[PDB]
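Chains as they are written, first to last, in the authors' numbering: chain A, 18 to 133; chain B, 1 to 127. From the three backbone atoms N, C-alpha and C, an ideal C-beta is built for every residue, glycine too.
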């Protein structure tokens, strides 16, 4: 019954804005980072793979290089928050979050970006 | 509690066709990348085909491109491999696999990226 919840499954964002999209999971205490994996994708593109307490930047898609963060202090609250800097039409699509923390779950989120 | 069950394997003439099916139970796999792998006796298990959780990205090892087609039916929790133009190289046990927690580290074509595996179905091309 490990469940990920998304406060919003649809974001509509303005061109050039920063955006933070959220996926929540149960955390009451200090994270076991040996066990925690957070994986964000959009449209089969690797945005962030977080494993052993670090973003694996080797596997990150070039479209997200120095444009994406997984907000580490939100993770400590059970919030896998993906921040994209300076959103463009390329960032419109279907995103998916995966959290693994004694069980794994996966949620889809649509992002619509408005014209420049 | 998760089970993947493959069916549809058999003996086929070179040039012929078969359709493999995998029925998943225990949880809904709609949001998971899914794949077929194959393994011949005494050889490394290899990626064959992969389908995205989007439902609309398909990926193939070069030697099966144009011959094999992967598809899924999220209402039935099933994955399919349509195999056409079968060749001697295709003789193997075929496994259907569901995305694992290290998919983002390992990549679509690596065994390490999938945590759930069926028992396999044997395909034999007359050679």
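Reference residue i, options the options, closest by Cα
{"i": "residue 97(A)", "options": "129(A), 61(A), 113(A), 105(A)", "result": "113(A)"}
{"i": "residue 77(B)", "options": "14(B), 31(B), 127(B)", "result": "31(B)"}
{"i": "residue 88(A)", "options": "117(A), 41(A), 45(A)", "result": "41(A)"}
{"i": "residue 25(A)", "options": "83(A), 36(A), 68(A)", "result": "36(A)"}
{"i": "residue 22(B)", "options": "102(B), 98(B), 90(B)", "result": "98(B)"}
8 Å contact criterion, which residue i and residue j should meet: CB distance rounded
{"i": "residue 65(A)", "j": "residue 85(A)", "result": "6 Å"}
{"i": "residue 28(B)", "j": "residue 48(B)", "result": "Not a contact, Cβ separation roughly 23 Å."}
{"i": "residue 118(B)", "j": "residue 4(B)", "result": "4 Å"}
{"i": "residue 122(B)", "j": "residue 19(B)", "result": "About 15 Å separates the two Cβ atoms, so there is no contact after all."}
Segment limits, alpha helix (DSSP H) that includes residue i
{"i": "residue 25(A)", "result": "Careful: residue 25(A) lies outside any alpha helix (DSSP H) and carries neither H nor E."}
{"i": "residue 90(A)", "result": "89-92"}
{"i": "residue 81(A)", "result": "Taken as a continuous stretch (DSSP letters only), residue 81(A) belongs to no alpha helix (DSSP H), as it is neither H nor E."}
{"i": "residue 103(B)", "result": "103-106"}
Residue i - partner residues in DSSP beta bridges
{"i": "residue 47(B)", "result": "37(B)"}
{"i": "residue 21(B)", "result": "7(B), 80(B)"}
{"i": "residue 117(B)", "result": "97(B)"}
{"i": "residue 57(A)", "result": "65(A), 114(A)"}
Range covered by the beta strand (DSSP E) that runs through residue i
{"i": "residue 73(B)", "result": "68-73"}
{"i": "residue 118(A)", "result": "It is not in any beta strand (DSSP E) - residue 118(A) carries neither H nor E in the DSSP assignment."}
{"i": "residue 98(A)", "result": "96-101"}
Checklist entry - Mind listing which residues of the region 25-39 of chain B have their C-beta closer than 7 Å to chain A's C-betas, in chain order? => result Correct list: 31, 32.
Next on the checklist: By the 7 Å beta-carbon criterion, what residues does the region 88-118 of chain A contribute toward chain B?
Outcome noted: With the criterion set as a beta carbon lying under 7 Å from some beta carbon of chain B, the members of the region 88-118 of chain A are 111, 113, 117, in sequence order.
Checklist entry - If contact means a Cβ-Cβ distance below 9 Å, which residues of the region 49-64 of chain B contact chain A? => result With the criterion set as a beta carbon lying under 9 Å from some beta carbon of chain A, the members of the region 49-64 of chain B are 52, 53, 54, 57, 59, in sequence order.
Checklist entry - In chain order, what residues of the region 78-105 of chain B put their CB closer than 9 Å to some CB of chain A? => result Of all residues in the region 78-105 of chain B, 99, 100, 101, 102, 103, 104, 105 have a Cβ within less than 9 Å of some Cβ in chain A.
Next on the checklist: Under 7 Å, CB to CB, which of the residues in the region 62-89 of chain A have a partner in chain B?
Outcome noted: Only those residues of the region 62-89 of chain A whose C-beta falls short of 7 Å from the nearest C-beta of chain B are listed: 63, 66, 68, 73, 76.
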